Amino acid sequence: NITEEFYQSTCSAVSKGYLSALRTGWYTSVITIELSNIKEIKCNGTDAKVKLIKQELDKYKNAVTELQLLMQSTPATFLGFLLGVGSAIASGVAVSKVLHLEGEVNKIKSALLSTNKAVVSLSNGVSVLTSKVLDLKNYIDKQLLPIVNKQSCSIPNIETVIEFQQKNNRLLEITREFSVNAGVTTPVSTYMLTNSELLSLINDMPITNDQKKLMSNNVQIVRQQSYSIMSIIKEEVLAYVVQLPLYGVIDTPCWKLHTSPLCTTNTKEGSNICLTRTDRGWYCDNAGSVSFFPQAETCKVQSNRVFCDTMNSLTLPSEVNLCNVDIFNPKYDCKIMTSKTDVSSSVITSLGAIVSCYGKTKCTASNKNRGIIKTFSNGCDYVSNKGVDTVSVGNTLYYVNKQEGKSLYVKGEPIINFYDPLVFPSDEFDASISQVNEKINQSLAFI
Amino acid sequence: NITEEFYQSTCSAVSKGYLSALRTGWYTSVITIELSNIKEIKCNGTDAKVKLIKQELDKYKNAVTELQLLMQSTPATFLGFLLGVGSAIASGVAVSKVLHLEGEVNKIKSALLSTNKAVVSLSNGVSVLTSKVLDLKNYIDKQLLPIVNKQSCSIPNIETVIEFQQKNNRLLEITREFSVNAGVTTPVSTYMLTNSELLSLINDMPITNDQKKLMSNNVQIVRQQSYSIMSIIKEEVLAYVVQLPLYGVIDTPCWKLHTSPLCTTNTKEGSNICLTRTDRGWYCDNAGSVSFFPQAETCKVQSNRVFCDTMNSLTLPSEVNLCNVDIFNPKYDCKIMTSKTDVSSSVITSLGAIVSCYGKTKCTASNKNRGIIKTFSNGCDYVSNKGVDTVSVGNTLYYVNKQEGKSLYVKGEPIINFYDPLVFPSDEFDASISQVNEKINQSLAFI
Amino acid sequence: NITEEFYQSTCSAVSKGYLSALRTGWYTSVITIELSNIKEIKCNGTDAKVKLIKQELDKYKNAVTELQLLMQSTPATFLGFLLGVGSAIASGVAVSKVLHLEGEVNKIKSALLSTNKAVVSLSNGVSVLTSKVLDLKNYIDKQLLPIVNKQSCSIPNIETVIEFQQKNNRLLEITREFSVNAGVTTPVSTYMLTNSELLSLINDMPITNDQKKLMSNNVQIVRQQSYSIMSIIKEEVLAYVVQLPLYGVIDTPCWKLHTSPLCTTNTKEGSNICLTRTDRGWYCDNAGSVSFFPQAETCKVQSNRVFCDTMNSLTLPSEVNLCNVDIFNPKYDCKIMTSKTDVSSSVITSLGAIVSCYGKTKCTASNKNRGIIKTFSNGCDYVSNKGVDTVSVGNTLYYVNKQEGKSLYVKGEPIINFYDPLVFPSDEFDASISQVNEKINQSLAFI
Amino acid sequence: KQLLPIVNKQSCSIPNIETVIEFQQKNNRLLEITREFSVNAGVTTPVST
Ligand SMILES: [Cl-]
Ligand SMILES: [Cl-]
Ligand SMILES: [Cl-]
Ligand SMILES: [Cl-]
Ligand SMILES: [Cl-]
Ligand SMILES: [Cl-]
Ligand SMILES: [Cl-]
Ligand SMILES: [Cl-]
Ligand SMILES: [Cl-]
Ligand SMILES: [Cl-]
Ligand SMILES: [Cl-]
Ligand SMILES: [Cl-]
Ligand SMILES: [Cl-]
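- Structure determination for the deposited model, as stated in its record, used X-ray crystallography, and the stated resolution is 2.3000 Å.

Structure representation (structure tokens):
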């Protein structure tokens with residue numbers, strides 16, 4: 001169950017009750033389409049059905065030529081600025097490089113001779129699940145060869161014409177996608193891997209039962225965190241690498257920290273000072289530490305499960321959580337920014353709304369059946385989503401999340417009142433409680 | 001008519017003459033597709049036309065299964081950093097939640113029994129326009145039932161095979177979109193809602209005539225500001241919620257503020273100081289105040305109409321406009337940032353170009369038929385788009401907008417000259433005229 | 001060959017050996033589809049093949065009506081914040097404006113009467129390559145006119161029904177794309193311009209042989225840097241402007257600068273100070289200066305060729321490169337930011353990994369066949385990709401690029417040790433070596 | 001040359017509709033000749049077309 005606490009003292013709110021699903025590594029799979037080698041198409045037939053087959057075959061050939069151009073290129077793609085820099089498809093591309101080595105394709109080819117799904121050991125030693133999802137070589141050779149391997153074509157039935165267009169379409173769409181994404185696509189579409197194929201791939205994957213269940217019940221999220229990397233087209237084989245998320249952390253507690261500016265509320269226009277907790281984002285317990293995702297928009301929430309990517313995280317000591325109940329705690333130096341910009345806004349939380357209302361701004365909360373039920377005064381305040389449908393701050397209407405769950409309003413003195421505006425450092429974008437303190441003392445020592 | 005004024009004193013320019021179209025709220029509509037309940041497909045027929053029908057029916061069934069997986073998940077998605085945080089589909093999702101309640105679908109179902117368009121009152125009390133855009137239940141039951149509700153299939157004509165593929169295609173594409181977007185799409189495609197259906201929906205909407213006209217003449221913009229939210233598939237009904245923008249503010253004056261760095265131009269390399277107005281973006285008059293959109297890229301301009309979203313705005317007193325004619329005005333504390341980074345660049349405006357030219361940079365403006373017609377000297381300067389096609393600053397060529405309209409060059413002393421570099425605070429990212437002043441005095445008091 | 005150097009003194013690394021391909025200008029081409037003027041469709045025939053033709057014709061007519069709505073709207077779309085602001089399709093839109101002038105379409109129309117590819121001089125004087133990619137007027141008039149210009153329809157063969165759907169599909173997809181992108185698309189899809197058409201357009205373009213070769217071997221990148229702009233649909237002609245990149249700078253040296261925070265490593269928690277080189281990004285030699293791209297994600301790397309856009313660059317003196325071998329050099333004031341935020345992270349480079357390891361973070365580098373082979377101690381360090389497959393910093397696993405190439409570890413004293421923490425200005429987001437120095441002296445003078 | 005592929009193999013390659021019609025046209029003459037011989041005990045007069 002989702003619960004939420006608002007801290008009046010620091011103009012912030014924490015939503016608890018979420019369970020983690022963190023992408024920690026990558027699985028790489030090789031997806032293959034078996035192609036037919038087609039040179040000239042031998043026919044003088046002006047028959048309309050032969051003509052449609054020949055047009056479809058030209059589309060097929062142009063698709064192959066197009067992909068051949070692509071395989072000749074190396075495929076590539078508050079506190080967010082503190083993040084490191086990864087190379088998201090380095091793992092997929094490494095596998096893709098191996099597929100260009102001599103006889104490497106042959107391994108794949110003979111392995112998928114009897115079945116359409118096999119585990120192949122590549123030359124470098126990595127084992128990859130390999131899958132043949134479409135056999136155009138077989139279709140073309142068994143249904144289309146008679147109609148154009150001979151000058152006097154045996155005219156195909158209308159149903160064959162339609163069927164070939166259906167089969168070839170997937171090749172055209174895959175090529176279509178690779179062509180406007182420079183050989184790397186994300187999310188992985190159902191053309192790259194159908195829902196059936198993906199579920200089957202997940203089920204045949206060397207992963208825990210929890211991971212299989214998690215991935216199977218959230219394939220749409222799996223798709224969004226996956227890449228499809230165009231690799232090789234040679235020796236009647238199209239191969240692309242699909243890079244799937246590995247979720248090495250599952251079902252640990254996660255919570256979302258929401259923060260909003262906290263300013264003094266003097267009537268004197270520019271005499272006010274402001275403070276904002278900068279450590280907003282997603283937090284998940286992880287291996288004795290806390291995975292912190294400063295850009296909460298990089299996580300996807302499904303019911304009460306949070307899908308995040310560790311590439312977009314910092315690893316913090318778990319004491320970082322103490323900033324929520326006691327921003328002045330001695331065990332962790334809580335991060336804040338400062339300013340004199342007392343502009344009004346709202347932060348819509350999981351179960352309510354934080355409202356930073358300053359100056360002459362009209363700030364209210366409304367129910368759909370009654371209109372305004374609360375008018376906010378200046379300062380930072382909060383309303384739960386129970387009985388509330390919208391919040392308005394100035395000319396901005398916000399709808400609140402109608403998710404069920406309890407909110408707790410933790411009363412406390414706004415900590416901004418504890419500071420003397422004459423020595424308050426109001427130009428900090430990346431500071432903390434202690435940095436502001438020692439800076440204040442350096443101003444007082446000068447006095 | 002669009003007009004534009006350049007203020008030499010502050011290295012900024014305002015483009016006037018625009019009319020507002022601000023998204024202020026949301027309308028939620030329920031779009032339905034009537035589905036056929038198909039279990040086993042009874043036929044031993046190896047007939048090629050029966051085979052194509054059976055393949056199309058499998059695609060249909062897999063689509064339904066796919067969407068069933070999706071409906072089991074809760075759908076979710078300079079001065080920009082001052083903005084609040086909304087929940088963009090909270091309204092749509094709230095309606096989507098109601099559709100999961102018992103007998104709620106039945107209301108929709110019986111309401112659309114006689115017509116394909118109706119207004120339904122949901123259990124919570126909200127009235128939503130409901131629309132049936134495709135009846136696959138009817139097609140399958142009346143055209144396809146005989147061919148597979150019996151072991152000995154009555155073989156369908158070739159035209160039926162083609163027609164079914166045409167009809168079923170929309171279901172497949174809708175599913176396709178939802179599958180790579182985790183059940184929430186934006187913009188709303190013509191698969192979700194055809195141009196005809198959307199116009200019809202707009203026309204049947206409970207909105208003013210001005211709003212209907214505005215939305216109808218700009219449906220492509222409406223699409224981009226809309227969401228489609230996958231909701232339920234049960235009891236032979238596919239339902240998704242389409243969340244349409246409500247434009248509560250129309251035809252008020254808007255203007256675009258462009259700003260560029262203003263630096264001193266001493267020959268001594270690092271002895272220069274810089275100032276940039278930070279309040280660039282779109283401004284629209286709105287309800288006695290001004291809606292300010294700091295990220296001008298969040299607004300879409302169509303001719304002289306500006307489409308913005310209030311979620312990406314601050315609400316400011318109208319005195320903010322005074323900063324354009326008098327940055328030192330006593331009624332509003334104009335926002336600026338400071339630095340010593342005198343790098344060269346250009347800002348292409350609505351009707352010209354601002355050029356910040358410093359150091360050894362070559363800065364020119366050219367006509368296509370003649371080449372260089374103006375060479376800029378160091379400092380901040382401006383050229384109108386009349387007679388000018390391009391501007392070059394260093395190795396960067398900019399094309400100017402060829403929109404028709406008059407520009408006015410307001411001469412004035414660059415305000416950066418009024419500051420003493422020895423006490424100039426050059427580390428402010430979020431300051432103002434008054435903050436820089438009082439900071440300067442605190443440095444002078446120490447002296 | 002790609003090589004790489006790590007500077008221990010400044011926690012940064014430069015990857016060399018790349019060749020430039022910088023977009024410097026734009027080429028504008030007019031792409032045309034010849035349309036048929038179809039009013040009423042005259043038939044009482046309930047024949048299933050006539051019915052499918054009539055359904056396809058309605059789709060055709062709705063497409064035309066849809067595009068007519070679109071042509072009635074004016075189409076529009078660390079150190080990154082230092083960049084100027086361009087108008088990316090100003091050139092394309094200017095050409096698009098000309099196409100709305102009287103008789104301008106007629107010029108295009110008669111020019112493409114004998115061939116499907118011609119160079120037309122527009123009224124304003126600009127010469128544009130013009131291309132007819134699809135003739136629906138001819139198909140409809142020669143194949144479909146008999147079946148519905150007469151009440152008693154001559155029933156078309158099944159192959160014609162299929163063929164028309166194939167031909168019309170491209171019109172529907174083009175319209176589809178324009179409809180969800182407000183008349184401006186990027187990348188340019190194969191529906192807008194097939195691979196064959198694009199290559200042909202490139203080959204007929206008034207550009208050097210090097211440019212043709214470069215564009216032809218990298219069409220997928222060309223597509224991504226191109227725009228398609230919906231222009232006019234009148235007098236049986238659909239015309240859209242395709243805006244292609246001109247690469248005015250080719251095969252000049254480029255290098256990628258990677259930077260990571262450098263902090264002191266005292267055991268006393270908040271007693272540490274940090275420094276980060278802010279000038280990371282791509283650098284290319286360009287016309288006697290250096291084109292600097294602060295957002296390295298705006299450049300696309302294909303093997304050892306870097307595709308960048310000068311619109312996202314600053315033009316710097318070539319002395320900026322001196323910051324790599326000597327950050328205290330007297331010829332260029334090297335840019336840095338400061339803080340006390342000693343958080344751990346890694347930067348994956350072209351040929352290795354920079355590791356900023358501070359506090360209690362576990363930082364290691366591993367091989368796939370052996371596990372941990374290096375454990376990092378606190379400070380900033382580096383490992384080459386030779387023999388290394390992954391790096392871990394806290395809970396974040398990074399795969400390293402497996403690109404071949406030599407790395408050089410340049411030993412040096414971390415420059416952060418040269419600063420006294422008691423007077424170290426740790427609040428600079430946009431400073432430099434000299435700015436930090438003079439600021440330190442102003443603190444010492446107060447002492 | 002036209003009918004062998006469709007039935008010398010268990011999995012028939014399905015013939016186009018035009019072939020079906022054409023074969024009926026060609027075979028018809030054989031059927032009519034047989035028809036005539038069958039009601040005339042192998043001797044016909046006049047000799048038909
Ligand atoms: Cl979130
Ligand atoms: Cl909202
Ligand atoms: Cl709920
Ligand atoms: Cl201070
Ligand atoms: Cl804009
Ligand atoms: Cl440009
Ligand atoms: Cl104009
Ligand atoms: Cl100062
Ligand atoms: Cl890069
Ligand atoms: Cl990675
Ligand atoms: Cl390599
Ligand atoms: Cl200081
Ligand atoms: Cl047939």
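## So, the overall build of chain D
And then number 1: Scanning chain D from terminus to terminus reveals 1 helix and 0 strands.
And then number 2: The principal-axis extents of the C-alpha atoms in chain D amount to approximately 45 × 20 × 15 Å.
And then number 3: When burial is assessed residue by residue, chain D has 4% of its 49 residues classed as buried.
And then number 4: For chain D, the accessible surface area stands at approximately 4600 Å², while carbon and sulfur atoms represent 59% of it.
And then number 5: Taken together, the 5 basic and 4 acidic charged side chains of chain D have centroids lying 9 Å from each other.

## Overview of the sheet that holds strand 9 (residues 274-277) of chain C
All names here are of chain C.
And then number 1: If you walk across this open sheet you meet the 4 strands as 8-9-15-24, and the pairing is antiparallel. Looking at which strands have only one partner, the edges of the open sheet turn out to be strand 8 (262-263) and strand 24 (431-432).
And then number 2: Direction of pairing for strand 9 relative to strand 15 (residues 335-339): antiparallel, over a ladder of 4 bridges. What sits directly across from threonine 276, in strand 15, is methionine 337.

## Considering the interface of chain A and chain C
And then number 1: Contact residues are listed per partner, giving 55 residues for chain A and 51 residues for chain C.
And then number 2: For the pair chain A and chain C, the summed buried area comes to about 4100 Å², and 54% of that belongs to carbon and sulfur atoms.
And then number 3: For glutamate 159 of chain C, the salt bridge is made with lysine 49 of chain A, and the minimal N-O distance between the two is 2.8 Å.
And then number 4: Where chain A touches chain C, the interface holds 19 residue pairs in polar contact.
And then number 5: Within the residue set of the side of chain A that touches chain C, elements represented by two or more residues are strand 2 (12-34), helix 1 (48-70), helix 2 (90-98), helix 5 (158-180), strand 11 (289-293), strand 14 (314-316) and helix 10 (433-446) of chain A.
And then number 6: Of the residues that constitute the side of chain A that touches chain C, the class distribution is 22 nonpolar, 20 polar and 13 charged.

## Details of the relation of the copies chain A and chain C
And then number 1: When chain A is fitted to chain C, the residual RMSD is 0.0 Å, and the transformation amounts to a turn of 120° plus an axial shift of 0.0 Å. One copy is carried onto the other by what is essentially a three-fold rotation axis.
And then number 2: Take the interface residues of chain A: only 11% of them recur as interface residues in chain C, which is what a contact between different surfaces looks like.

## Brief notes about the environment of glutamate 66 of chain A
And then number 1: Structurally, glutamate 66 of chain A can be placed in helix 1.
And then number 2: We classify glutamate 66 of chain A as buried; its relative accessible area is 12%.
And then number 3: Among all residues touching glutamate 66 of chain A, those that are not within four sequence positions of it are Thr175 and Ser179 of chain A together with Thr190 and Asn195 of chain C.
And then number 4: A distance of 2.6 Å separates a polar atom in the side chain of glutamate 66 of chain A from a polar atom in the side chain of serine 179 of chain A.

## Topic: the packing of aromatic side chains
And then number 1: Summed over all chains, the structure comprises 45 aromatic pairs over all chains.
And then number 2: Relative to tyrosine 227 of chain A, the ring of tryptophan 26 of chain A has its centre 5.9 Å away and its plane inclined at 65°; by these criteria the two rings are edge-to-face. The exposure classification of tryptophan 26 of chain A matches that of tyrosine 227 of chain A, with both residues buried.
And then number 3: Ring geometry for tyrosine 139 of chain B against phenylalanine 164 of chain B: centres 5.7 Å apart, planes inclined by 15°, an arrangement best described as stacked. Of this pair, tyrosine 139 of chain B sits in helix 4 (residues 136-144) while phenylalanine 164 of chain B sits in helix 5 (residues 158-180), and the two are 25 residues apart along the sequence.
And then number 4: Overall, the relative accessible area of 4% leaves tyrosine 139 of chain B in the buried class.
And then number 5: One aromatic cluster is present, built from ring pairs that chain together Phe81 and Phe429 of chain A, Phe81 and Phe429 of chain B together with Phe81 and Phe429 of chain C.

## Remarks on unusual backbone geometry
And then number 1: Cis geometry is adopted by the peptide bond preceding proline 187 of chain A, which originates at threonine 186 of chain A and carries an omega value of 0°.
And then number 2: You can see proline 187 of chain A is positioned in the loop between strand 5 (184-185) and helix 6 (195-203).
And then number 3: Here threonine 45 of chain D and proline 46 of chain D are connected by a cis peptide whose omega angle stands at 0°.
And then number 4: Along the chain, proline 46 of chain D falls in the segment after helix 1 (17-39).
And then number 5: Phi at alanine 182 of chain A takes a positive value of approximately 50°, unusual for a residue other than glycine.
And then number 6: Relative to the helices and strands, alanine 182 of chain A is located in the loop between helix 5 and strand 5.
And then number 7: You will see that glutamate 236 of chain A, though not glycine, has its phi angle at about 60°, which is positive.
And then number 8: Examined against the element boundaries, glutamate 236 of chain A turns out to sit in the loop between strand 6 (227-234) and strand 7 (237-259).
And then number 9: Here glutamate 236 of chain A falls in the partly exposed class, since its relative accessible area comes to 22%.

## Structural notes on the packing of helix 5 of chain B against helix 5 (residues 158-180) of chain C
And then number 1: Two numbers describe how helix 5 of chain B lies on helix 5 of chain C: the axes approach to 11 Å, and their chain directions differ by 15°. Comparing the axis directions of helix 5 of chain B and helix 5 of chain C gives the class roughly parallel. Crossing of helix 5 of chain B over helix 5 of chain C shows left-handed handedness. Taken together, the residues of helix 5 of chain C that come into contact with helix 5 of chain B (itself represented by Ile158, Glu159, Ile162 and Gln166 of chain B) are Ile158, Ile162 and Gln165 of chain C.
And then number 2: Its residues assigned to classes, the contact of helix 5 of chain B with helix 5 of chain C comprises 4 nonpolar, 2 polar and 1 charged.

The rules behind each value
Residues numbered from 1 in each chain as written, not as in the entry; some residues may be left out. Chains lettered and ligands numbered in written order. Part of a larger assembly, values for the part shown. Heavy atoms only, no water. Helix = DSSP H or I, 4+ residues; strand = E, 2+ residues; numbered from the N terminus. Buried < 20%, exposed > 50% of the residue type's maximum accessible area, 1.4 Å probe, protein only. Areas by Shrake-Rupley, 256 points an atom, 1.4 Å probe, with all protein chains shown as cover. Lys, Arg positive; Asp, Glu negative; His and termini not counted. Charge placed at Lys NZ, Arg CZ, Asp CG, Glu CD. Pairing = 2+ DSSP bridges. Contact = heavy atoms within 4.5 Å. Buried area = accessible area lost by both parts, 1.4 Å probe. Salt bridge = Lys/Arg side-chain N within 4 Å of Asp/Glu carboxyl O. Polar contact = N/O pair within 3.5 Å; in protein donor to acceptor, adjacent residues only side chain to side chain. Nonpolar A, V, L, I, M, F, W, Y, C, P; charged D, E, K, R; others polar. Least-squares fit on C-alpha atoms. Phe/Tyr/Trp six-rings, centres within 6.5 Å; stacked < 30°, edge-to-face > 60°. Axes fitted to C-alpha atoms, helices over the stretch in contact; angles between N-to-C directions. Parallel < 35°, antiparallel > 145°, perpendicular 65-115°, else oblique. Left-handed = near helix turned anticlockwise from the far one by under 90°.

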